[PDB]
Participant: 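Please read through the structure below; I'll follow up with questions.
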Amino acid sequence: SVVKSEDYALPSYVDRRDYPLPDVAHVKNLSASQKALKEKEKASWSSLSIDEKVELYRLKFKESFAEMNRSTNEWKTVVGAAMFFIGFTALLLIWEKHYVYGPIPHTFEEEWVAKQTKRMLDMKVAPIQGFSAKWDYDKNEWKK
Amino acid sequence: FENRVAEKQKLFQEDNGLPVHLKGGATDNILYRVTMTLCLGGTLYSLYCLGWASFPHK
Amino acid sequence: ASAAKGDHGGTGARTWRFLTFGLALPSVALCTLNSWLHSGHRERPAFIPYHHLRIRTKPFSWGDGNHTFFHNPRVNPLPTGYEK
Amino acid sequence: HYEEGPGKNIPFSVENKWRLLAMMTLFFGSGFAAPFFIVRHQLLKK
Amino acid sequence: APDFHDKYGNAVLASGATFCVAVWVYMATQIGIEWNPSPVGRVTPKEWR
Amino acid sequence: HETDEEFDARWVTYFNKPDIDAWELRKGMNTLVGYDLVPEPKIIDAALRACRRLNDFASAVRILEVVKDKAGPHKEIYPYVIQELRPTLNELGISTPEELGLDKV
Amino acid sequence: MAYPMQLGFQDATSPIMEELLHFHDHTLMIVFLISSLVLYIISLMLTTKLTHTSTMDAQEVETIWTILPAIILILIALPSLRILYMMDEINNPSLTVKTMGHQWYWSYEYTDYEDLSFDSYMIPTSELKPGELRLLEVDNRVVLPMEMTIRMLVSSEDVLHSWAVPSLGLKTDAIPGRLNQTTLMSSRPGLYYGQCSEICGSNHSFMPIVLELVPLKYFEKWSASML
Amino acid sequence: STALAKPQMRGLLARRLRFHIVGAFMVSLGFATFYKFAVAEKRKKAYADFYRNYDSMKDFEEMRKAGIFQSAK
Amino acid sequence: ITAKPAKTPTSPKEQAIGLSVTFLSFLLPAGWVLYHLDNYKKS
Amino acid sequence: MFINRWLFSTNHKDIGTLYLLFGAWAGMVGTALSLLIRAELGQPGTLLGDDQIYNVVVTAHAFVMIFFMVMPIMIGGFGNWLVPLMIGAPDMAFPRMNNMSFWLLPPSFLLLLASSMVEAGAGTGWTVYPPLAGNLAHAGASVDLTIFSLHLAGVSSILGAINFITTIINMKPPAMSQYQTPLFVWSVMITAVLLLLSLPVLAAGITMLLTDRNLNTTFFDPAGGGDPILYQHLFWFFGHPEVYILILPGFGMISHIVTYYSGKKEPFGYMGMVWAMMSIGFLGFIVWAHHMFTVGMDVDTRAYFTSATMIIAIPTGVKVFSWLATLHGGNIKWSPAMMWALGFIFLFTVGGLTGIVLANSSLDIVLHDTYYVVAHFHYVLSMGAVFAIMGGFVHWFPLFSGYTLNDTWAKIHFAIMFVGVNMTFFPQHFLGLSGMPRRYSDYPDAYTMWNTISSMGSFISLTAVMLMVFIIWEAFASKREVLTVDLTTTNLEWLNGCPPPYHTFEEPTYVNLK
Ligand SMILES: CCCCCCCCCCCCCCCCCC(=O)OCC(COC(=O)CCCCCCCCCCCCCCCCC)OC(=O)CCCCCCCCCCCCCCCCC
Ligand code: HEA
Ligand code: HEA
Ligand SMILES: CCCCC/C=C\C/C=C\C/C=C\C/C=C\CCCC(=O)O[C@H](COC(=O)CCCCCCCCCCCCCCCCC)COP(=O)(O)OCCN
Ligand SMILES: CCCCCC/C=C\CCCCCCCCCC(=O)O[C@H](COC(=O)CCCCCCCCCCCCCCC)COP(=O)(O)OC[C@@H](O)CO
Ligand SMILES: CCCCCCCCCCO[C@@H]1O[C@H](CO)[C@@H](O[C@H]2O[C@H](CO)[C@@H](O)[C@H](O)[C@H]2O)[C@H](O)[C@H]1O
Ligand SMILES: C[C@H](CCC(=O)O)[C@H]1CC[C@H]2[C@@H]3[C@H](O)C[C@@H]4C[C@H](O)CC[C@]4(C)[C@H]3C[C@H](O)[C@]12C
Ligand SMILES: C[C@H](CCC(=O)O)[C@H]1CC[C@H]2[C@@H]3[C@H](O)C[C@@H]4C[C@H](O)CC[C@]4(C)[C@H]3C[C@H](O)[C@]12C
Ligand code: CUA
Ligand SMILES: [O-][O-]
Ligand SMILES: [Cu+2]
Ligand SMILES: [Mg+2]
Ligand code: NA
């Protein structure tokens with residue numbers, strides 16, 4: 001029933017698939033009816049009804065193996081919330097770009113970059129693989 | 001000299017609840033207050049000096 | 001130094017076996033690798049009949065008198081130079 | 001002797017969660033803010 | 001009995017993924033960020049000398 | 001290193017001890033399920049009969065549960081085990097977890 | 001120089017830089033393999049309901065995971081040290097050039113015959129000619145003969161700097177009171193760029209290196225032109 | 001139909017591990033082969049091809065004509 | 001781990017408050033300094 | 001009573017709590033500095049100023065993260081809280097000296113603050129190399145305050161090391177040998193031996209820098225016959241051990257976490273784990289010059305240091321495979337601490353492997369002083385040391401506080417942080433291979449895309465840090481008091497409840513010999 005803080009020095013109940021028979025019964029204090037059932041249990045189990053058998057099981061254990069092993073929907077909450085917060089971060093980045101950053105240098109302007117690109121090809125920057133390798137110097141175009 | 005350790009043992013085991021750094025009596029409190037006042041005052045002073053040194057001066 | 005290791009509590013057989021297999025023999029293994037890896041003959045240098053080397057003031061009491069005890073023909077010249 | 005148990009073994013109080021939020025906000029906020037204001041100080045200094 | 005994740009997990013996942021993609025796409029494409037992609041297959045080289 | 005046969009026999013003897021107590025039943029099962037095996041029917045048989053001597057029906061059901069659980073994805077093991085145990089289940093009146101509906105969330 | 005969205009090394013301009021590229025490919029294969037094996041094994045450990053929680057004996061398996069990494073390390077160290085000793089080889093240069101680091105620019109001295117020296121400063125962004133590269137150009141490039149073994153001597157007249165040219169595989173610290181030597185051999189003409197590679201104060205980011213590799217006859221014309 | 005036969009009941013975890021560590025080896029092998037052709041040999045071929053008939057004077061003259069050099073107009 | 005129910009449960013509304021207050025306490029001071037950077041690099 | 005308890009402490013748990021508070025606050029400072037770095041680099045051009053203000057930020061970022069966040073949290077915080085409990089001891093050997101190791105850190109931090117406020121700050125790198133750090137290129141008080149900051153941090157840790165070694169050798173139950181103590185205890189003891197031996201050398205080195213700057217010595221000044229490279233040897237003789245100091249307590253916490261959430265009573269291959277930590281600690285003293293492969297050393301020296309550095313992969317690999325073998329066969333509990341530890345195993349492995357790349361002196365010529373190095377050490381520090389810290393904090397927070405966290409929130413926090421650190425640092429490999437130098441406030445235009453992405457990653461990690469503060473608040477706000485935990489038979493620190501009483505083990509454990 002009710003676990004108390006002053007009880008950490010005592011054996012406790014656990015539902016763990018690799019500790020199938022815990023140190024204590026799930027239900028410690030039995031009612032008059034429950035004690036009766038435990039007396040019946042000393043006779044043949046064939047004389048136990050299904051409902052009574054389940055009640056004996058639920059005296060001893062909290063969750064069954066199928067119950068303790070159940071999957072949950074938690075991953076949906078975790079993945080969606082994480083995406084929410086990652087989305088929130090982009091708001092910060094938008095704010096930074098709007099109020100903090102000034103213009104970037106003029107070397108990123110389209111005409112500068114076109115000229116820069118030609119000069120890099122003229123000096124054959126990375127001509128084996130990296131860059132000029134990808135320019136067709138005969139056809140004067142990017143290698144298709 | 002004579003061995004007066006037993007009398008110091010009696011003094012420092014007296015059940016008066018005092019922590020060891022004060023158990024010698026009123027002299028301990030004086031020395032403690034001198035020490036702590038110098039430490040805390042000197043620390044305040046060091047902070048003042050930071051503030052002074054943090055801006056262009058002289 | 002404290003070296004960089006750590007144990008004691010008790011220096012005992014178990015600790016010294018730990019040191020033997022965990023530090024001492026691995027170090028021997030490493031040095032064995034390093035050595036048998038830098039082997040491979042060096043070029044023997046030009047023979048020069050320096051007077052402070054290949055000393056003979058009395059014949060050696062074995063062989064022909066003129067060969068050192070662990071004479072290696074490949075790398076130990078005689079006073080007149082490398083043999084054969 | 002000292003007080004023992006959850007929320008008693010700490011140099012700050014958790015008796016009121018909103019007082020606590022203020023404390024924690026001052027505590028972590030002041031550490032996060034200090035580098036921005038030092039940078040401002042150095043940029044303003046000269 | 002259904003927990004928070006049974007009740008709301010589907011909505012959290014859908015709304016979170018939607019917000020995230022939309023705001024990042026916007027940040028990436030609509031506010032003047034210079035990504036400086038490769039000029040290969042993009043830039044026409046222009047005379048500089 | 002014992003043969004499987006000697007391992008199994010040790011565990012059958014363990015659970016067959018007539019005056020085995022509750023602590024020993026639990027110790028035995030909780031130890032056994034740490035190994036990389038699903039216990040042989042002859043072991044489970046001895047364990048269920050110890051449950052009988054200890055007037056503990058619920059642990060009998062729990063033992064059937066952990067046998068199924070130890071098989072992991074190997075779905076053929078539990079029906080074979082239940083097959084081999086059905087004489088004992090009948091003799092002792094042990095309902096399976098499934099019969100008790102304890103296999104459903 | 002580097003180009004936008006580059007993932008790997010600048011194209012090799014020297015034989016030693018090509019050796020490093022092949023050695024890096026070899027080592028990165030191993031890094032990717034071990035990384036991916038660890039990732040896979042993590043997923044393998046985490047994806048079964050089967051259990052085994054009693055004590056496991058470790059001796060046999062630890063032979064394998066000490067001997068196999070030992071062999072892999074040897075397979076990295078063998079080509080690694082081959083290249084190390086290759087870089088160190090007697091190369092007999094035909095030219096020596098000195099460079100001196102300063103806050104914040106490089107000077108160069110060609111004192112084999114003529115006593116030539118000059119300073120090399122970054123071109124400010126506001127003075128770049130159209131199509132020139134931000135933070136990388138200099139006013140006076142290190143003119144050098146291609147396809148020739150060159151001895152570069154590096155030092156500093158103030159704080160530490162470091163003289164680097166990635167596409168030649170070069171990085172030599174510039175330390176006052178010390179004369180460090182490296183060897184430079186460009187397989188190709190062209191312009192090769194590098195940047196100061198030891199923190200040196202206010203303008204550490206802004207003191208680049210530019211080599212200008214040209215045929216010997218053109219190098220000689222250039223030196224002759226400095227009389 | 002009749003009696004179920006005894007499935008393997010011992011060492012299921014070890015059997016799973018062995019099968020997949022061997023499988024991981026096979027993939028590693030395979031990947032080593034892919035990488036040596038898609039990356040390492042590709043790079044070796046690219047440099048060897050570039051230089052096999054490379055004309056460093058012709059390359060220089062092209063750069064010179066394009067005006068890239070300070071020292072050689 | 002097992003635990004008693006919350007002595008002073010924190011509702012989703014309460015969490016939204018604590019979260020917002022926490023995030024603001026990091027963002028607003030830094031924001032103020034960074035917003036005013038240009039205003040600093042001239043004084 | 002408040003002052004007696006919190007300023008005059010002689011209690012290992014309260015002193016551990018002070019260290020955790022201190023290190024958390026330091027972690028905010030260090031995070032702010034990292035965001036200033038990444039704001040400067042987040043687009044081309046100049047945001048703040050030239051390399052001076054920028055590298056004052058970089059320098060402070062490193063000192064704060066290493067000396068005021070990681071070491072106080074791992075060694076002062078988890079070490080003080082956990083080590084006496086894990087050996088059943090009633091406190092540390094020198095409970096009063098322990099309190100001085102703590103109270104030296106706020107003064108140390110104040111000196112670091114003062115260094116950045118006076119003059120133009122110490123824009124030297126955390127390595128503080130002369131002559132840049134000398135009295136002509138860094139005239140004025142900033143570098144001297146930085147040296148004094150390190151002196152006080154050094155004394156704090158040396159005394160703490162003396163305390164931990166003495167406690168761990170002398171205060172175990174009389175039946176417990178060293179080979180019956182938990183791996184986290186081993187990891188602290190070995191870390192403490194490394195601190196004891198390495199910090200005095202650093203102290204010697206920075207004292208010589210102090211006297212070069214103020215008493216006209218010339219240890220590092222060629223004009224007097226000194227040598228800047230001597231400083232580098234002295235610094236790195238400490239600085240390589242220091243990175244093993246930063247990771248070893250992390251290894252010890254990872255061992256406990258992986259064991260616990262695999263449902264195991266013990267880590268796989270205990271004696272191999274002890275061997276591996278001792279081996280790493282020993283090898284960590286004979287490799288320092290791999291920080292110096294471009295300074296001009298002779299080729300045989302570079303070959304020795306290449307080889308000796310790579311062999312550390314062997315014991316480290318034993319630990320990685322033993323963690324995997326601890327997971328093997330487990331009943332895995334997918335707790336947030338387990339997520340931190342799994343992320344640790346993989347990402348620490350990636351960073352260790354790029355360290356092995358860097359160990360090759362030939363390739364290090366091209367990689368040295370580039371962002372490849374930055375990528376290497378942030379995988380082992382931002383995704384190794386920090387993940388071990390986060391895993392241990394979420395695992396043991398209920399022990400220290402008596403309250404549970406919200407596990408779903410902690411899992412969200414892990415997910416955000418995982419994305420953020422990988423987005424920040426993985427592209428820095430490309431920046432390094434392609435030649436972007438360290439300690440630059442601005443970069444050639446070709447480097448823009450990956451710098452942009454890396455700075456976006458740093459903001460995601462900032463969102464995680466903020467969320468962590470809220471999560472800790474939520475736990476203290478809701479007050480879910482712990483009842484029981486699993487596996488106390490193999491996790492003694494839990495067996496006095498949550499939180500444990502001020503005094504524990506007043507009656508020591510009973511352990512017999514047989
Ligand atoms: C959690 C996500 C957060 C978001 C942030 C990202 C996280 C990282 C995940 C990203 C996961 C990526 C897995 C492999 C990435 C290699 C990319 C590459 O093409 O590499 C190129 C090389 C250099 O290569 C070259 O010299 C030429 C390259 C181009 C070849 C010709 C093709 C031309 C077109 C190029 C197309 C691109 C090819 C890519 C091909 C891609 C194949 C995979 O660079 C390098 O060495 C950089 C790497 C240095 C050391 C890290 C190795 C350890 C990683 C193993 C597990 C991943 C851990 C990630 C850590 C996290 C993983 C879980
Ligand atoms: C926690 C901190 C930490 C840790 C643990 C490490 C661990 C290692 N580090 Fe690193 N390092 C730093 C932090 C760290 N480092 C820092 C901060 C710097 C920069 C200093 C500065 O300049 O500011 C740096 C710099 C640095 C350099 C200098 C580079 C330069 O400046 O040019 C080198 C070179 O050898 C290096 C190597 C290594 C190696 C080989 C390891 C090894 O210990 C890694 C061993 C681990 C593995 C290899 C992974 C696990 C193993 C297996 C799965 C087995 C199979 C593997 C193989 C067979 C290879 N580190
Ligand atoms: C432990 C060490 C550590 C850590 C964690 C970090 C974290 C980060 N670092 Fe840092 N960094 C260094 C140590 C570290 N760094 C060092 C030594 C240098 C070299 C200095 C030099 O060149 O001189 C360096 C350099 C460096 C550079 C290169 C600067 C240059 O060369 O110009 C960059 C650039 O992006 C960078 C960025 C970041 C970022 C974005 C993070 C982020 O990932 C940070 C994100 C936040 C966290 C990881 C949380 C931290 C807080 C806690 C863990 C407390 C949690 C609280 C409780 C448990 C209660 N770092
Ligand atoms: C581990 C491998 C080696 C193990 C040791 C091997 C031999 C040890 C023998 C005794 C050593 C004692 C000293 C003897 C002096 C010389 C032996 C030196 C060791 C040796 O063996 O030297 C060899 C010469 O031996 C020679 O001359 C002649 C060698 C034989 C003659 C010995 C003469 C008697 C010496 C007198 C001893 C007096 C002792 C008095 C002690 C009094 C103490 C109170 C060297 O060979 P090499 O061909 O010249 O060079 C190698 C070329 N490839
Ligand atoms: C640039 C200028 C930098 C200046 C930095 C100065 C910083 C420090 C201010 C130091 C003030 C020191 C005040 C006295 C400290 C005495 C400590 C001591 O003596 O500690 C003792 C333990 O250390 C032991 O023994 C072992 C032996 C005693 C160690 C005492 C060391 C003092 C620290 C000096 C610095 C050392 C650095 C060394 C390496 C370079 C006792 O431990 P307690 O826990 O107290 O009691 C335990 C009780 O059972 C005793 O009855
Ligand atoms: C690297 C870590 C930092 C991450 C980024 C922080 C995320 C943004 C947080 C918001 O910060 C606020 O932004 C306002 C702008 O939105 C500023 O108001 C400023 O701008 C307003 C309008 O332009 C005026 O009304 C105000 O008076 C003026 O102070 C205000 O000072 C600042 O606190
Ligand atoms: C002997 C010692 C302790 C054994 C014990 O008393 O429990 C053990 C612990 C770790 C062992 C080492 C580690 O398992 C790592 C290596 C593994 C190789 O298979 C043998 C050498 C190897 C270096 C081992 C030698 C030796 O067996 C060590 C050092
Ligand atoms: C780096 C250090 C010198 C520091 C100094 O300049 O002050 C020197 C002193 C002794 C040297 C070592 C010793 O000379 C012994 C070895 C000699 C080998 O040729 C290189 C490795 C070798 C292990 C050396 C490495 C390195 O050069 C050492 C360690
Ligand atoms: Cu000159 Cu950096
Ligand atoms: O230092 O690695
Ligand atoms: Cu190192
Ligand atoms: Mg350097
Ligand atoms: Na910038």
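In the text below, chain A, chain B and the rest are named by the order of the sequence lines, each starting its count at 1. Below, all heavy atoms of this structure are taken into account, side chains as well, without hydrogens, waters or symmetry copies. Every number for a ligand or one of its atoms is a count from 1 in the order of the listing.
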Participant: What atoms of ligand 2 come closer than 4.0 angstrom to any heavy atom of G/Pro69?
Facilitator: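 Selected atoms, number and element: 58 (C).
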Participant: Is the shortest N/O to N/O distance between J/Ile162 and ligand 5 below 3.5 Å?
Facilitator: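 No, no N or O pair falls under 3.5 Å.
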Participant: Is the ring pair J/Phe285/J/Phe237 parallel, tilted or perpendicular, if the boundaries are 30 and 60 degrees?
Facilitator: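 Aromatic pair J/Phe285/J/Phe237 classed tilted.
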Participant: Show which atoms of ligand 2 fall inside a sub-4.0 Å distance from at least one heavy-atom site of J/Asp364.
Facilitator: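 Selected atoms, number and element: 29 (C), 30 (C), 32 (O).
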Participant: Once rounded to 10°, what is the value of the angle centred on the Mg ion (ligand 12) between J/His368 NE2 and J/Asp369 OD2?
Facilitator: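 Nearest ten degrees: 90°.
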Participant: Could you tell me how the ring of J/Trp236 sits relative to the ring of J/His291: parallel (under 30°), tilted (30 to 60°) or perpendicular (over 60°)?
Facilitator: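 J/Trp236 vs J/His291 ring planes: parallel.
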Participant: Which ligand 2 atoms, with their elements, are less than 4.0 angstrom from a heavy-atom of G/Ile34?
Facilitator: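 Going through ligand 2 atom by atom, the ones under 4.0 Å from G/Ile34 are 53 (C), 56 (C), 57 (C), 58 (C).
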Participant: May I ask whether J/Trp126 places a heavy atom under 4.0 Å from ligand 2?
Facilitator: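 Contact check J/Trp126 vs ligand 2: positive.
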Participant: Contact between J/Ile158 and J/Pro200 at the side-chain level, heavy atoms closer than 4.5 Å - yes or no?
Facilitator: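 Result yes, sub-4.5 Å side-chain heavy-atom pair found.
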Participant: Taking only heavy atoms of J/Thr309, which atoms of ligand 2 are found under 4.0 Å from at least one of them?
Facilitator: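 Matching atoms, with element in brackets: 35 (O), 40 (C).
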Participant: Can you confirm whether the side chains of J/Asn360 and J/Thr306 place a donor and an acceptor under 3.5 Å from each other?
Facilitator: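 J/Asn360 vs J/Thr306: no donor-acceptor pair found between side chains.
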Participant: Ignoring hydrogens and angles, state whether a donor on the side chain of J/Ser108 or J/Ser149 is under 3.5 Å from an acceptor on the partner side chain.
Facilitator: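 Side chains of J/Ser108 and J/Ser149: pair found under 3.5 Å.
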Participant: Test ring pair (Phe, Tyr, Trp, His ring centres under 6.0 Å) on J/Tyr440 and G/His204 and set out the steps.
Facilitator: CA-CA 7 Å; J/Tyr440 271 25; G/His204 171 49; 4.7 Å; yes
Participant: Can you check atom 22 (C) of ligand 5: any protein non-hydrogen atom closer than 4.0 Å?
Facilitator: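 For atom 22 (C) of ligand 5 the answer is yes, since some protein heavy atom falls inside 4.0 Å.
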Participant: Note the single closest protein heavy atom to atom 41 (C) of ligand 5, along with its residue, its atom name and the distance in Å.
Facilitator: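 For atom 41 (C) of ligand 5, the nearest protein heavy atom is J/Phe94 CD2, 4.2 Å.
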Participant: What atoms of ligand 2 come within less than 4.0 Å of a heavy atom belonging to J/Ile356?
Facilitator: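 Checking each atom against J/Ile356, I get 40 (C), 48 (C).
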Participant: Out of all atoms in ligand 2, which are within 4.0 Å of some heavy atom of J/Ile312? Include the element for each.
Facilitator: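 Near J/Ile312, meaning under 4.0 Å from one of its heavy atoms, ligand 2 has 42 (C), 43 (O).
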Participant: Which atoms of ligand 5 have any heavy atom of J/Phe148 under 4.0 Å away?
Facilitator: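 Reading through ligand 5 atom by atom, the close ones are 1 (C).
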Participant: Could you tell me if the ring centre of J/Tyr372 sits under 6.0 Å from that of J/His429?
Facilitator: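 Ring-ring flag for J/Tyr372/J/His429: true, centres closer than 6.0 Å.
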Participant: Can you pull out the closest protein heavy atom to atom 30 (C) of ligand 5? Residue, atom name and distance to 0.1 Å, please.
Facilitator: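 Checking every protein heavy atom, the shortest distance to atom 30 (C) of ligand 5 gives J/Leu159 CD2, 4.7 Å.
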Participant: May I ask which of J/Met292, J/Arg438, G/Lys171, J/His291 has a heavy atom nearer to atom 22 (O) of ligand 2 than the others do?
Facilitator: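 Shortest heavy-atom distance from atom 22 (O) of ligand 2: J/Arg438.
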Participant: Looking at every heavy atom in both J/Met171 and J/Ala89, which two are closest together, and how far apart are they?
Facilitator: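 Smallest interatomic distance, heavy atoms only, reads O-CB, 3.5 Å.
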Participant: Could you identify the single nearest non-hydrogen protein atom to atom 49 (O) of ligand 5 and state the distance to 0.1 Å?
Facilitator: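 Here the closest protein heavy atom is J/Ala93 O, 4.8 Å.
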Participant: Return yes when at least one N/O/S atom of G/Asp173 is nearer than 2.8 Å to the Mg ion (ligand 12), and no when none is.
Facilitator: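 Short answer: no, not a single N, O or S atom is under the cut-off.
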Participant: Do the side-chain N and O atoms of J/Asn99 and J/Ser9 include a donor-acceptor pair separated by under 3.5 angstrom?
Facilitator: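 Not at all, the side chains of J/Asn99 and J/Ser9 share no donor-acceptor pair under 3.5 Å.
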Participant: Using a distance threshold of 2.8 Å, what protein N/O/S atoms lie below it relative to atom 10 (Fe) of ligand 2?
Facilitator: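 Protein N, O or S atoms closer than 2.8 Å to atom 10 (Fe) of ligand 2: J/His376 NE2.
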Participant: Any heavy atom of J/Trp236 sitting closer than 4.0 Å to ligand 2?
Facilitator: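 Yes.
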Participant: With heavy-atom distances below 4.5 Å as the criterion, would you say the side chains of J/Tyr54 and J/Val57 are in contact?
Facilitator: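 No - every pair of side-chain heavy atoms lies 4.5 Å or more apart.
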Participant: For the residue pair J/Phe109 and J/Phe68, does the interplanar ring angle fall in the parallel (under 30°), tilted (30 to 60°) or perpendicular (over 60°) class?
Facilitator: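 Correct class here is parallel.
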Participant: Would you mind listing which atoms of ligand 2 come within a distance below 4.0 Å of any non-hydrogen atom of J/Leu381?
Facilitator: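 Matching atoms, with element in brackets: 1 (C), 2 (C), 17 (C).
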Participant: Using the benzene-type ring in the case of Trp, are the ring centres of J/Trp323 and J/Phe344 under 6.0 Å apart?
Facilitator: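 Yes: the rings meet the under 6.0 Å criterion.
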Participant: Looking at atom 45 (O) of ligand 5, what's its closest protein heavy atom, distance included?
Facilitator: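 Here the closest protein heavy atom is J/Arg96 NE, 2.9 Å.
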Participant: Would you please say whether a donor-acceptor pair under 3.5 Å links the side chains of J/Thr207 and J/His151?
Facilitator: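 Short answer, yes.
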Participant: If you count the non-hydrogen atoms of other residues, nucleotides and ligands that lie under 6.0 Å from CZ in J/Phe8, is the total more than 12?
Facilitator: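 More than 12 heavy atoms, drawn from other residues, nucleotides or ligands, come within 6.0 Å of this atom.
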Participant: I'd like to check which ligand 2 atoms, numbered from 1 as shown, lie under 4.0 Å from a non-hydrogen atom of J/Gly317.
Facilitator: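 Once the distances to J/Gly317 are compared, the set is 51 (C), 52 (C), 54 (C).
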Participant: List the atom pairs, donor and acceptor, that lie under 3.5 Å between side-chain atoms in residues 346-359 of chain J and the rest of the protein, sequence neighbours left out.
Facilitator:
{"residue": "J/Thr349", "atom": "OG1", "partner": "J/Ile345", "partner atom": "O", "Å": "2.9"}
{"residue": "J/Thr354", "atom": "OG1", "partner": "J/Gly351", "partner atom": "O", "Å": "3.1"}

Participant: Quick check, are the ring centers of J/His290 and J/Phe305 under 6.0 angstrom apart?
Facilitator: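 No, the ring centres sit 6.0 Å or more apart.
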Participant: Pick whichever of J/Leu152, J/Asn99, J/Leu199, B/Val20 has a heavy atom sitting closest to atom 5 (C) of ligand 5.
Facilitator: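 Answer by nearest heavy atom: J/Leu152.
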Participant: Counting each atom of ligand 5 from 1 as listed, which ones have a heavy atom of J/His151 under 4.0 Å away?
Facilitator: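 Reading through ligand 5 atom by atom, the close ones are 1 (C).
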Participant: Please check if a non-hydrogen protein atom sits closer than 4.0 Å to atom 28 (C) of ligand 5.
Facilitator: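 Looking at atom 28 (C) of ligand 5, one finds that no protein heavy atom lies closer than 4.0 Å.
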Participant: I need the contact type for J/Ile314 against ligand 2. Using non-hydrogen atoms and a strict under-4.0 Å cut-off, is it side chain, backbone, both or neither?
Facilitator: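 Answer for J/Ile314: neither.
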Participant: Only N/O/S atoms count here: what is the atom of G/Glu198 closest to the Mg ion (ligand 12) called?
Facilitator: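 Closest N, O or S atom of G/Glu198 to the Mg ion (ligand 12): OE1.
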Participant: Starting from atom 18 (C) of ligand 5, which protein heavy atom do you reach first, and at what distance in Å?
Facilitator: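 Result for atom 18 (C) of ligand 5: J/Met97 SD, 4.4 Å.
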Participant: Ligand 2 versus G/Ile30, non-hydrogen atoms closer than 4.0 Å: side chain, backbone, both, neither?
Facilitator: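 Neither; no heavy atom under 4.0 Å.
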Participant: Nearest protein heavy-atom contact for atom 41 (C) of ligand 2: which residue, which atom, what distance?
Facilitator: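 Result: J/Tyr244 OH, 3.4 Å.
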Participant: Considering only the protein, which heavy-atom contact is closest to atom 11 (C) of ligand 5, and what is its distance?
Facilitator: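 Ranking protein heavy atoms by distance from atom 11 (C) of ligand 5, first comes J/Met100 SD, 4.0 Å.
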Participant: For atom 39 (C) of ligand 5, what's the nearest protein heavy-atom neighbour? Residue, atom name and distance, please.
Facilitator: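 Nearest protein contact, heavy atoms only, for atom 39 (C) of ligand 5 is J/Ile158 CD1, 3.9 Å.
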Participant: Report the member of J/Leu353, J/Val58, J/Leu363 with the shortest heavy-atom distance to atom 59 (C) of ligand 2.
Facilitator: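 Going through J/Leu353, J/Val58, J/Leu363 one by one, J/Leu353 has the nearest heavy atom to atom 59 (C) of ligand 2.
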Participant: Can you tell me the protein heavy atom closest to atom 8 (C) of ligand 5 and the distance?
Facilitator: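 The closest one turns out to be J/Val155 CG1, 4.2 Å.
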Participant: Tell me if the aromatic rings of G/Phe9 and G/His24 count as close, with their centers under 6.0 Å from one another.
Facilitator: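 So the answer is yes for these two rings.
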Participant: Given J/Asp369, J/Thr349, J/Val374, which one has a non-hydrogen atom that is nearest to atom 49 (C) of ligand 2?
Facilitator: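 Residue with the shortest heavy-atom distance to the ligand atom: J/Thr349.
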Participant: Minimum distance, heavy atoms only, to atom 46 (C) of ligand 2: which one of J/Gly352, J/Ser361, J/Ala359, G/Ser35 is it?
Facilitator: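 Of the listed residues, J/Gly352 has the closest heavy atom.
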Participant: My understanding is that only one of J/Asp14, J/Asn11, J/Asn98, J/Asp91 makes a side chain to side chain donor-acceptor pair (under 3.5 Å) with J/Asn80; could you say which?
Facilitator: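 Per the side chain to side chain donor-acceptor pair (under 3.5 Å) rule, the option paired with J/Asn80 is J/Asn98, out of J/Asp14, J/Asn11, J/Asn98, J/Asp91.
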Participant: Would you please test J/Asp212 and J/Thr217 for side-chain hydrogen bond (donor to acceptor under 3.5 Å, both in side chains) and show each step?
Facilitator: CA-CA 4 Å; J/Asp212 274 21; J/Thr217 59; 2.7 Å; yes
Participant: Can you tell me if J/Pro95 has a non-hydrogen atom under 4.0 Å from ligand 5?
Facilitator: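 Yes; J/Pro95 lies near enough to ligand 5 that a heavy-atom distance drops under 4.0 Å.
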Participant: More than 12 non-hydrogen atoms from neighbouring residues, nucleotides or ligands closer than 6.0 Å to CZ on J/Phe102, yes or no?
Facilitator: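 Counting neighbours around CZ of J/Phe102, more than 12 heavy atoms of other residues, nucleotides or ligands fall under 6.0 Å, so yes.
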